[PDB]
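Asks: opening with a subset of the complex:
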Amino acid sequence: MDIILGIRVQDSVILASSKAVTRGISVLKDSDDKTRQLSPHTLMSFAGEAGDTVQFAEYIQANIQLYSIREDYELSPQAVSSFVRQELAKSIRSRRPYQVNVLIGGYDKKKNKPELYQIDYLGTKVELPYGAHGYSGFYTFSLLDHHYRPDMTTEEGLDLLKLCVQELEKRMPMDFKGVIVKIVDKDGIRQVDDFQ
Amino acid sequence: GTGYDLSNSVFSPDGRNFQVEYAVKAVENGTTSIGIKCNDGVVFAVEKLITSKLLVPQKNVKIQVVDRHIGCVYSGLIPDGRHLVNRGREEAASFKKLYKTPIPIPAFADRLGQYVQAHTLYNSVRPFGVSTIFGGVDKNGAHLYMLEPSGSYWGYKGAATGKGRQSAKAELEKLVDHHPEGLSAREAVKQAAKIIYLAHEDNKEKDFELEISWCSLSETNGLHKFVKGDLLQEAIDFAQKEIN
Amino acid sequence: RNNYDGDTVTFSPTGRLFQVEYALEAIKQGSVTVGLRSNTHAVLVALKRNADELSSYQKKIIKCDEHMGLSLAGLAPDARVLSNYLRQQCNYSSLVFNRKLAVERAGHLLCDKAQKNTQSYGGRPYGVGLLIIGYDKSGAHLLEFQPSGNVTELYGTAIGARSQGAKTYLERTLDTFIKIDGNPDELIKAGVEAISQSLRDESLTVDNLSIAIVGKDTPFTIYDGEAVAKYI
Amino acid sequence: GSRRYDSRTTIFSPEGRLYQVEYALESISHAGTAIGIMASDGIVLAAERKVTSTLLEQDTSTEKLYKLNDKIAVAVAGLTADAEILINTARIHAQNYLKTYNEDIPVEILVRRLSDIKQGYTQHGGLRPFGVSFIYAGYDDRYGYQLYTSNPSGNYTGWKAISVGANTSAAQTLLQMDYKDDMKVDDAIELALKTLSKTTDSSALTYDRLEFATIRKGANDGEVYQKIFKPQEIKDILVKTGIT
Amino acid sequence: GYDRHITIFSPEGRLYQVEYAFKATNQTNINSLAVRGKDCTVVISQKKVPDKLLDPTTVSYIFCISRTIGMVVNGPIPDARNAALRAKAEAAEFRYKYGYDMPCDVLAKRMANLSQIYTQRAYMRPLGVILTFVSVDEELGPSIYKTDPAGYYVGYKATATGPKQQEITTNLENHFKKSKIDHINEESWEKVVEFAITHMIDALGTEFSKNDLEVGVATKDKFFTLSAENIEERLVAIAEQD
Amino acid sequence: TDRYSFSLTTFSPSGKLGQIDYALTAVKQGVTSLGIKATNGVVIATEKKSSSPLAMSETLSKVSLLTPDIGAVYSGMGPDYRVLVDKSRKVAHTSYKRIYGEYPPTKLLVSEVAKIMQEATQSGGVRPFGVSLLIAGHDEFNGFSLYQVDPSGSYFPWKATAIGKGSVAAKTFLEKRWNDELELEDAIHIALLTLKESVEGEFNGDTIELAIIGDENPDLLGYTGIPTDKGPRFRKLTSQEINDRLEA
Amino acid sequence: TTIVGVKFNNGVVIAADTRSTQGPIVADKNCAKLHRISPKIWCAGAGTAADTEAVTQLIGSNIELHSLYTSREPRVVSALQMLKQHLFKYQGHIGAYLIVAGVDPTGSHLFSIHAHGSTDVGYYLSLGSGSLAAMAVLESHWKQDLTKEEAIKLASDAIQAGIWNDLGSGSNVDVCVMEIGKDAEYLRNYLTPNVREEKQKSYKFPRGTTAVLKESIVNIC
């Protein structure tokens, strides 16, 4: 699989997501964004089988956009994640299941907390301080378990992450061509200008 | 209230279904047609009016066969009659496909019966504009039936319907009384020709072609066949001399 | 007067189906067409009707297979449905059974098709009449279809406005034309004559006359324009 | 066919009104009055039963007040049976929202769907509208206490106080005169009853002819409580308003 | 008023189409009656053959529904046959599904529920008929059950249907007031037929040849109709008591 | 071909729904039935109206068991009742027993019936039912209850009431007599009086049908061995049991 | 599982063990396998235990309804026909194997039904993993014209064969007796040969033995 990480610090949620897309023998691209913004303060990253990942995300996106317009209001990150889980849970008993895993990072304006949700292709959802999909957890959870504090600043979060990506570059057979990083905070969503 | 006669499944207050009654008028208004049971078969005959000399003689055949052993003939709205036979043919095929044996005539009567009665049940459909005379030879011998737009049907010794029906009915009543012992198939054919010629005299104004068929155990082998050539001629002769 | 003409599922107290009778009235208002046959050929001849002096002449003859076709008088779209339905039956007979479809059977199929619309709520009946000609395994044939469902086999006939003329002529011409065997052109000239006892205030041009013929060693084919100057 | 019997329930009059809706509203005007009043710290729902015998069982009766949800209730005016259909589909809409989003359903969202349902009966399928008007009282945390109304046309609107059913012109006027925004809930309770005293066509207003309910975030904890008053509680409140 | 044309309520709370369907039942001008023996059930029906061209053997308002159930119909034949077929189908399907022969009273109940539906739904018309079912039920003994176009049904000690129904009924009411029991006290069905014909001749004031009647008989485990000859036997027996 | 996909019950300009009104008229014309609620039971009762004395009136149940603890009776068109009983028994299984493994409580089963009735008041191509039902039952968390269901679909609970012909008279008569300390035997006594006014023919156990929702009847269970299943609370009275009481 | 059915001269009796197992584990030591289809028609199941419950509930219900419609006591042969037609429809995917016995107005009856929808009639029958032990006993002792008390003794012995010799069964013996005259008699734990001995020790803990991080009171209200 590709790399899908996320971490919830004190005032925001950081999503790190691999840039490579490879089709068998060649690496087709080294600059791919594995996220969609679902609403101004809600970000979804994703990974899994080709086509399915994007189709699914863009469908979730349009649904949340529809909701926002209709109610002139932005759903809580908790609600978005329950909606997404339910969609994935329908997929599994469907004729052709969506094979997609996602992380949802949001800033909840009403409670002024950041929230991270991990949901796999079966509809298994869980709220966590840090998470990952596929093998990404295997390399990085050791380090997060050790270093994570709930009161970390965004800067600390980004350091702790830098360390995680280094561990992945070192021990992981695949060249995932770096990561794109985004931050979701009370003022919305922005992308870290460079992960050098 | 009034207008009990505008809709088809409706009972008037005297208990009646006026649209079926009106369909009978469409029948009374058709040409004459008849059935005669002989004592191993049956004979059908029908007056074909000749509108014009431009009709091709021989060639507008009004008697229809069902399966191999059943003849139908009908007076009234001709396309309705044809529609009814198409149904009859599906029914006989289904019955035979499942039960192997060609459909027994009573069984087949009730098939038409139920389908016709069915068109008096609903206002979204219109009753059949024909009386149908039919029959053939089953494993219990010969049977002749007649079937009205209401889905009433019974067995007959003879039967008639259309404009000529009263002169024909009177004439058939003769035969019954003046042949209590039964009538042979070949004699029943000639009588049928006579009876059509007699019933034609309601509207001599028009010229007509005669058509006859028979299903007889000995003569056609329990299969339904049209009468033609010499035998047809011989029965038209018998009809000419019986007029003078 | 006449609550009984509101649809096709209603019989009148005399026993009539008014909606059907009103459909037959569309035919009489249509432009005239004539059909006739010998033992070797069958011929349609048709008078086409234009709207303006600026307009086309609506075609009245439609080919249905190599051995069969028809002319229409009345609601044109309706002929288009029926002729198409027929093309399919001619086709189905060829593909499945490798058999040219007999004219008698096409007759019966059209009858059964029209009859459907006259027993069911919601269906109007067809508003067109048709003359069909064909050459099949028993030689030349001509049929007249009415939207009541009645089809009748004839040596000749006509339908549409003033057709009573062409029909009376055919009744008298009968024994002349019935024997125009192995002669396509004579039989056409005898059809064109017929169709003339039917024109009021206009005569046949190159633009308004169409003709079709079929028979032994001659597939159903249609002449118009220059092709018809020959006989006008 | 059967289009003769079809009184077309979905058409416009030449003025552009929908016959059947107008007529259902007429129907509703003869139903028991119902009232909703919203305070800054709660909501009151009050309604008048259709004159009820002395033998009727008033404890288990629930003709006009219904729980949709732990946080939303309705007062009905019109056909009870029609309403219970609607109530029930709404209870389910709430559950579906709750199950999809793990969040209780916002009041408007519910009201809108239920009104969208009534609207459909008004535009397709030839059935008769639902002869019901609804007052909805609810709490959510996007707009706190809320009060809405809907009728057979599918239209809905929000209110600080409102009535449906009998004598609403009269009752609307009287609230308009006495409502103030700072209003506390026990003020609203009192106002609700004054209004029905004046409004009722029956010469007295007694406990056995009322249904009554409140929605309080009161008292200590931020949670919301729904109370449907029993006969004895309503009698007490009537003494305490010296309306008895 | 279209409340006259379809099965909806008049302002009096009435279904005129149902009323008019009852009226149609009498169109044949046939009377019928049924009675119960010790272990049989008999039905009797007039048989009229106005036309000389009809095959008489085909003219019947009595049906063998199943091995055990007989039905006689008061009303026009097309509707009779439609109801016959239906009941045949139902009785056979019941057996297949539940493993035993469909009982008279249950079949009556079912056929009545079908009628009830035509009274409630608009595109269906009621049938113009009255069905009288008879059997010897294995649980209930000889039984008679009657159904009409209202959707109504009840069991009977004995019963009669048709134009002259009233005459026949009062005649029978009287007989049982005397006899004090609900059945003909007779072992043999041949004499319960005799009773039935007799008590009918007296009520209609009219005499019968062998071609004027139809008879049906339900014994335990068979329902059958009689031929002109087994009837003739009965008419001779009656005549031996002048 | 069901063309009739439109309502046959519509609003008149005055706000009436004629067909529901007319159904109520059919009910009013029907034979009197009634029900009354005691503390340890409920009784429902009506008059058998033998159409011939040749008919066997035992074969006409006007009073029907719906579940072991719930019974019904009606005024109006009996056929409409017969098929509502079939329908109600079935819905008690499909929409309750098959799910929760216990029979529905009285009020819920009444909703279901009411609902069926409403549907015939609004759906395409049908008329409403021409009956009113009184339904009586017992369930563990609500105890004894008595409901009336009308053609409109509306229902309401009662301490006692009556429907059909003599109902205004009888409702008056029941108001005099009903108290909240009535024991079941006493309510039966009253039911019999209240019926007796409304009837001038023979009045006894053969012309009267009557059932109770009472104590559980283990003698009517059919099996023994499960101490947790006690009999049905519902029971029709015998021709005898009735006459017995026509002494008091 | 061991279940059997034995006719006697005035009726019929069925019996069953009380063990139910998931693989080699015993999930329930006292499971009741005797199911009622209607008061005088009972049923015992083997196979998938969710399928035998489901299908006895369902047919029980259709029977009750059909009984109410017909105003007749329900017949065994109806339970039989309804069961078999449903099992057949599902081609054996409903893993229900049953012995159904009862009394109706036509007399007393005993049938078995296999998952695919075949049925047997007999005077004595067994099914389940314990089937062959039980049948050995029935084949050894059954005689015609058993009295009731002999039939119970016999059916009880047959199940014991299964309990002892089969690992699929059992613990106790349940019995239902359906006699033509009477109410059906259901004897839960008619026989209980298998009581656990007192343990060598009590394992009640001293309180406070367990480590804890949090207490909350929980909201029912």
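Replies: Perfect, thanks for sending it. Numbering: from 1, shown residues only, chains lettered A, B, ... in the order given.
Asks: can you name the residues bridging to residue A:108?
Replies: residue A:113 (DSSP bridges).
Asks: ok, it - contacts?
Replies: Residues in contact with residue A:108 (Cβ atoms under 8 Å, 6 or more residues apart in numbering or on different chains) are A:41, A:76, A:77, A:78, A:114, A:115. Using the backbone N, CA and C atoms, a C-beta is placed for each residue, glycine as well.
Asks: residue F:108 too?
Replies: residue F:96.
Asks: can I get the helix or strand it falls within as PDB, trimmed to CA atoms?
Replies: Using DSSP states H and E, residue F:108 sits within helix F:106-119. Output of helix F:106-119 as PDB, limited to C-alpha atoms (Å, rounded to 0.1, in the frame of the first residue of the first chain):
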ATOM      1  CA  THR F 106     -53.600  -4.500  23.100                       C
ATOM      2  CA  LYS F 107     -52.900  -0.900  22.000                       C
ATOM      3  CA  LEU F 108     -50.300  -1.800  19.500                       C
ATOM      4  CA  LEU F 109     -52.400  -4.400  17.900                       C
ATOM      5  CA  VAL F 110     -55.200  -1.800  17.700                       C
ATOM      6  CA  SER F 111     -52.800   0.600  15.900                       C
ATOM      7  CA  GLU F 112     -52.200  -2.000  13.400                       C
ATOM      8  CA  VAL F 113     -55.800  -2.500  12.700                       C
ATOM      9  CA  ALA F 114     -56.400   1.200  12.700                       C
ATOM     10  CA  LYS F 115     -53.700   1.500  10.200                       C
ATOM     11  CA  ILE F 116     -55.200  -1.000   7.800                       C
ATOM     12  CA  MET F 117     -58.400   0.900   8.100                       C
ATOM     13  CA  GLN F 118     -56.800   4.200   7.400                       C
ATOM     14  CA  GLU F 119     -55.200   2.800   4.300                       C
END
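Asks: also put chain H on there:
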Amino acid sequence: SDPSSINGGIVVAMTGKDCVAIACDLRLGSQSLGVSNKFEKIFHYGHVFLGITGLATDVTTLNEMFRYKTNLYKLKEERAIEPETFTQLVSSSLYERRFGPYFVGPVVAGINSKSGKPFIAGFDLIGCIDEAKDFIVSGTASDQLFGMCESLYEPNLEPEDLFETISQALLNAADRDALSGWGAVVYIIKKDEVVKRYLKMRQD
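Replies: Take a look at chain H, now in place beside the chains above:
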């Protein structure tokens, strides 16, 4: 490959005197990989408690679903559902999916508010009522639970003694299962009240 063994987890319930107890581990796994220690598998609907082991997506879904149905139930019966009835509900709801089922092992516990009886029950994945007064177990260490329970349990434990027992039964079983542990929670249920405790355990 086995859906009942991907996420892991256990639930056990037993009865005491006028009380019942019910408990679960807290581990959400994904095979070898521990994912969460805050996956409670015990839910409640009024005073009825439902433990669910098995595939976690389905645990979640079923809970969402029984919350939905017990909501509609309360709204119509105007009273909270009792355990005997809920059990039937669970059972019928699972058997609706007979040929495509939810991969779970439910357990019901509660006290009937009318009768006062302690009640517990369990089921297979297609919904056969495994009904037992003493105790019920479910999950990836159901074997080890059966063992602890059969030894430890004795009937009629007072609430504070029942707690000690069920706690021990759970912990020592989870410790012999790779795929359970990571914390644990125990509900003790009496007629009028309920106390919920988190247990200290090993984290490996």
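Asks: re-run the earlier check on the contacts of residue F:108 with chain H in the model.
Replies: Contacts of residue F:108 by Cβ under 8 Å, 6+ apart are F:96, H:76, H:77.
Asks: likewise residue D:2?
Replies: So residue D:2 contacts B:123, B:124, E:122, E:123, F:3, F:4, F:125 (Cβ under 8 Å, 6+ apart).
Asks: how near is the fifth one to chain H?
Replies: Put plainly, it is residue F:3. Going from residue F:3 to chain H by Cβ to the nearest Cβ, to the nearest Å gives 36 Å.
Asks: quick one: classify that residue as helix, strand or coil.
Replies: Put simply, residue F:3 is coil when judged by DSSP: H, G, I helix; E, B strand; the rest coil.
Asks: is it in contact with residue C:121, as I believe?
Replies: Yes: contact criterion Cβ atoms under 8 Å: residue F:3 and residue C:121 qualify, at 6.7 Å.
Asks: how many neighbours does the closest residue to chain D within chain C have?
Replies: Residue of chain C nearest chain D, by Cβ to the nearest Cβ: residue C:121 (3.8 Å). By the measure other Cβ atoms under 10 Å in any protein chain shown, the count of residues near residue C:121 is 19.
Asks: again, but for residue B:103
Replies: 23.
Asks: coming back round to it: mind listing which of the contacts of residue D:2 are in helices?
Replies: Per DSSP state H, helices hold no members of the contacts of residue D:2.
Asks: wait, a strand at residue A:189?
Replies: Yes: according to three-state DSSP, residue A:189 belongs to a strand.
Asks: what sits against it?
Replies: Contacts of residue A:189 by Cβ under 8 Å, 6+ apart are A:37, A:40, A:41, A:43, A:182, A:183.
Asks: quick one: contacts for the third one?
Replies: The reference is to residue A:41. A:74, A:77, A:106, A:107, A:108, A:109, A:184, A:186, A:188, A:189.
Asks: now for chain I:
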Amino acid sequence: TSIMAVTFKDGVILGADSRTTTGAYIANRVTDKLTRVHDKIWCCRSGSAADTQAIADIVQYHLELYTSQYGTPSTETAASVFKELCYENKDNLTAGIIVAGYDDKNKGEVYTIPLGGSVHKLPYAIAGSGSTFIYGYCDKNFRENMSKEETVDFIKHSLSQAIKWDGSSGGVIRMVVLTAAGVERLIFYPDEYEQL
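Replies: Chain I added:
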């Protein structure tokens, strides 16, 4: 199983063994494989029990209905109906059926419908696993127009051999005799037929 039907002068006789096996276990040693579908039309069942019972139950239904409407059906009609079920459902049935009956027009008739649903009318027919062992014996001993007692013997001896050799056949021998006279059931026990 072993089953046969044989036409003789006065009508026709059907016989069968009475054993039902599931592998080597004899599930039922007193099976009735002679099954009535009309008064005087019966069949012999072989193949799957579920399939043949279910089919027979349907045929009986169809002929009950035939009878209600058209009177008594021909033995040929009954074979048509079996055939139609067997041919049209060949992909999920394992049923090998012999049909036999008597009427006055035709005396005894025997039709056999093997797997696949072909139908075959014959003077006699044999089937079931046990039949293979007696093709020789039967072809050698059947003659047309035997008496009843001759025919009961021909059957008794044919099936005693089929039983002797086939493990999936055994128990009692049942017969059903079909003639103008009515319907006679017969039974023969081991101590009789083993000894032949």
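Asks: could you re-examine the contacts of residue F:108 with chain I now present?
Replies: Contacts of residue F:108 were listed using Cβ under 8 Å, 6+ apart, and they are F:96, H:76, H:77.
Asks: same check, this time on residue F:192
Replies: Residues near residue F:192 by Cβ under 8 Å, 6+ apart: F:45, F:208, F:242, F:245, F:246.
Asks: and the helices in chain A, which stretches?
Replies: Using DSSP H, the helices of chain A run over A:52-71, A:77-92, A:136-147, A:154-171.
Asks: buried subset of the contacts of residue F:192?
Replies: The neighbour count (16 or more other Cβ atoms under 10 Å in any protein chain shown) marks F:45, F:208, F:242, F:245 as buried among the contacts of residue F:192.
Asks: ok, residue 14 - how many residues close by?
Replies: Just going to use chain A. 26.
Asks: think we crossed wires, I meant chain H
Replies: Residue H:14: 27 surrounding residues under other Cβ under 10 Å.
Asks: what does residue F:202 give?
Replies: Residues lying near residue F:202 (other Cβ under 10 Å) number 9.
Asks: now residue F:167
Replies: Count around residue F:167 with other Cβ under 10 Å applied: 21.
Asks: kindly report the same for residue I:115.
Replies: 14.
Asks: assumed it was part of a helix.
Replies: No: counting by three-state DSSP, one finds residue I:115 to be coil, located in no helix.
Asks: how much space separates it from residue I:89?
Replies: The gap separating residue I:115 from residue I:89 is 12 Å, by Cβ to Cβ, to the nearest Å.
Asks: distance to residue B:203 and mean neighbour count for the helices of chain A - can I get that in JSON lines?
Replies: What follows is the helices of chain A, written out as JSON lines (distance: least, Cβ to Cβ, whole Å; neighbours: other Cβ atoms under 10 Å in any protein chain shown):
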{"stretch": "helix A:52-71", "distance to residue B:203": "76", "mean neighbour count": "16"}
{"stretch": "helix A:77-92", "distance to residue B:203": "76", "mean neighbour count": "22"}
{"stretch": "helix A:136-147", "distance to residue B:203": "99", "mean neighbour count": "16"}
{"stretch": "helix A:154-171", "distance to residue B:203": "104", "mean neighbour count": "16"}
